[PDB]
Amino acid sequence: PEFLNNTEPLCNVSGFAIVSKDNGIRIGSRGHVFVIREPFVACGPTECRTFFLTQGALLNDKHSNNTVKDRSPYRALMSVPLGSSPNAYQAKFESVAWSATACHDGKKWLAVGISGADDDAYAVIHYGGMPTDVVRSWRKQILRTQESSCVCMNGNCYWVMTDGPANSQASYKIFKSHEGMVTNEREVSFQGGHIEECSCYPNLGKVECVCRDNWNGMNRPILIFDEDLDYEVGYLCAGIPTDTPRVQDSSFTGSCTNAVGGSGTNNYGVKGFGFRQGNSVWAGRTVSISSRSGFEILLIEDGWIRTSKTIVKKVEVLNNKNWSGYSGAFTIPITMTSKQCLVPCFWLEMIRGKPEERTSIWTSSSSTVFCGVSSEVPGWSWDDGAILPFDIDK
């Protein structure tokens, strides 16, 4: 067992092929499957796993009542092999958590799980299944993190956390760890900007993150940092907005530096992702500009470096008649691919129940996962597929 370098360039890809679909909610109509949300994927040297935040309750059970709620003492980070339902008997316990990130350094799994009261939460860092360190809330206002994979390079693992208001200026920090111990941290200066739920991946030895602005931006913040935690922060340059809510493309003008918002888009957002491709960018977004429905990915020419509106490729993986949700980035290491570059992949959360489906008492999600390939790949619509309401709703 050796540490993964993970210092290779990110692969350039021309399409995204479906890798898995867990069908968790369909299965949970009868099987014993956790109510969850905030799923994500992370890969070790030999296996990829799906992580998720349970509600400490099962689908179609009375304890699934009121699971639209975000935080409780019953939520836990757990994982299953990629493609498995988040079920009661395969789930591996990772951390107590209502917010989390996880990744593998080549030797062991790192899991960071936040629990506790809103005004005094703390992250517990688990390494190889053992609690190694803690990070306390420094602003005492819902300490929270990525809800996707962290990044490990050369034995050091990195992640981003936020503490402070949901709809105004908050505080943003980058963390560095080795074998589960925090070894460095840096506060990111981003006045007028808002960073949450970063989707991060390694690219040529740096960590590149595409995040959620829940304040004044319908464009996505970009945060790039190195091993010293030196950073650049700004917004995805592209003249195509990729948060939700947002306005139609023709009503939007991009910015590399400033949050662009207004027009009824302020004070909300959704976790999402993008992948730099030289000067261009693959960016995901819901099909709807107002709701978490549909999902498509766009290749925007020069979209990483300028306010480009040129869409060279677009692929839809979920049509607008179906519910989506969070999306996030991860990479496949050289040990599984034998390539000289890191393969970019994304996952998609499909939320069922509240608030969009009010005749259900619960909220959960299922997922699809896609990986970049060297050729164009057709889209389709791989929807959650569950038939609501469920038994427990009647």
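Throughout, we count residues from 1 along the sequence that is shown.
Here the stretch with the larger average CA B-factor, out of 93 to 101 and 283 to 291, is 283 to 291. 225 to 233 and 75 to 83 differ in mean CA B-factor, and the higher of the two is recorded for 225 to 233. The residue among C48, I27, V369, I36 whose C-alpha carries the highest B-factor in the deposited model is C48. The PDB entry assigns its highest CA temperature factor, among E179, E296, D163, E197, to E179. Among all modelled residues in this chain, the alpha-carbon of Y158 has a temperature factor (C-alpha) in the lowest third. The deposited CA B-factor of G44 belongs to the highest third of values across its chain. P333: CA B factor in the highest third of modelled residues in this chain (values from the PDB entry).
When the modelled residues of the chain are ordered by C-alpha B-factor, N65 sits in the middle third.
Among all modelled residues in this chain, the alpha-carbon of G325 has a temperature factor (C-alpha) in the lowest third.
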